[PDB]
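Below you'll find only one chain, the form deposited in one PDB entry, shown as structure tokens.
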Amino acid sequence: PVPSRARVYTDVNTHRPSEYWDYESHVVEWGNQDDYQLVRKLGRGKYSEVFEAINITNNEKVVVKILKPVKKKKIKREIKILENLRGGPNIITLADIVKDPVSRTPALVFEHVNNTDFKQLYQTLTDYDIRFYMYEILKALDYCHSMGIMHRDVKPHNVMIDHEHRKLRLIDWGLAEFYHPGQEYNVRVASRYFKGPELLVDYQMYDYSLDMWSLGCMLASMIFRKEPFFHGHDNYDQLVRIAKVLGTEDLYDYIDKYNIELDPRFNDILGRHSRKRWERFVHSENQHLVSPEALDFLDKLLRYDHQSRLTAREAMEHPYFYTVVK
């Protein structure tokens, strides 16, 4: 395959001191674990467990994430990314790092986020709230991309919103990575329904624009009230579901452009499909969420060619957000 490079924030990391991105060399500053009282486990992932907790020194509600004793490399990567992004718009705030006595591993403490006030993005929102919260997610993505970081796991479960106060956080930076031009990355990132075509066709030289495809998948599910929008039964069927919408000729042009050697299974299952107009997904019960601006925006995110997709900053300038107070 031919190389690719991000068209924005291309060499951010190249120009930084090595300490910025060389997470393996990072030295952890430890707090005191007994400042935190675990209240209940909220969830369990492949690499962590998350808990509702209280900082008993000040009665503050916090979220604690105990990192499973997997590859230490991944632990330092998440910590370094969270410290580099700390204070950025809508980025979850890492307040402390303590050693859990039971797991014997680092436990990350997050402040200004709690399970009572903030909830995962599982709500059915109005047109205005979709635009408002999508703009808040874009502020987080433009910030992390501008800091040379790709999130690689954008999905509803990684967006926390306090609806009463209209606050949002982009969470779970466990799959995030530093972008370096020319670097090959693992394609086993993101949840199936949110995987970009680059991951499905095994193109490793991807970049920040992967997060923009995932965002487009979220948007399409919200405006069309179809969860998930691209509902593949496995990774092979996931690309067929995308191709039934966007067509196979632009997919094959994308594969041709980057000289991707396609898995032969895809040539057997893809067949030939033409692009559908978005109005094919509009019906009486979602038409109130659809506008010409929403369709144009969706169209500019959901493009096979990762270099052609809107970037997070270009998305912030799009007409879909003109109505959002900024």
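Start at 1 and count along the sequence shown; that's the residue number.
Same protein, other form: the form deposited with a small molecule bound, not shown, and the subject of what follows.
Look at 289-297, 275-283, 42-50, 253-261: in the deposited complex, residues with non-hydrogen atoms within 4.5 angstroms of the small molecule sit in 42-50. For the candidate set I161, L246, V201, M147, a heavy atom within 4.5 Å of the small molecule in the deposited complex is found for exactly one residue, namely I161. Of the listed positions (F229, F178, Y133, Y143), a single one reaches within 4.5 angstroms of the small molecule by any non-hydrogen atom in the deposited complex, namely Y133. Although the small molecule is omitted here, in the deposited complex none of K80, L85 and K139 has a heavy atom within 4.5 Å of it. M205 falls outside the set of residues with a heavy atom inside 4.5 Å of the small molecule in the deposited complex. Contact annotation: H157 falls within 4.5 Å of the small molecule in the deposited complex, judged by heavy atom distances. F224 falls outside the set of residues with a heavy atom inside 4.5 Å of the small molecule in the deposited complex. Taking the partner from elsewhere, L301 is found to have every heavy atom lying beyond 4.5 Å of the small molecule in the deposited complex.
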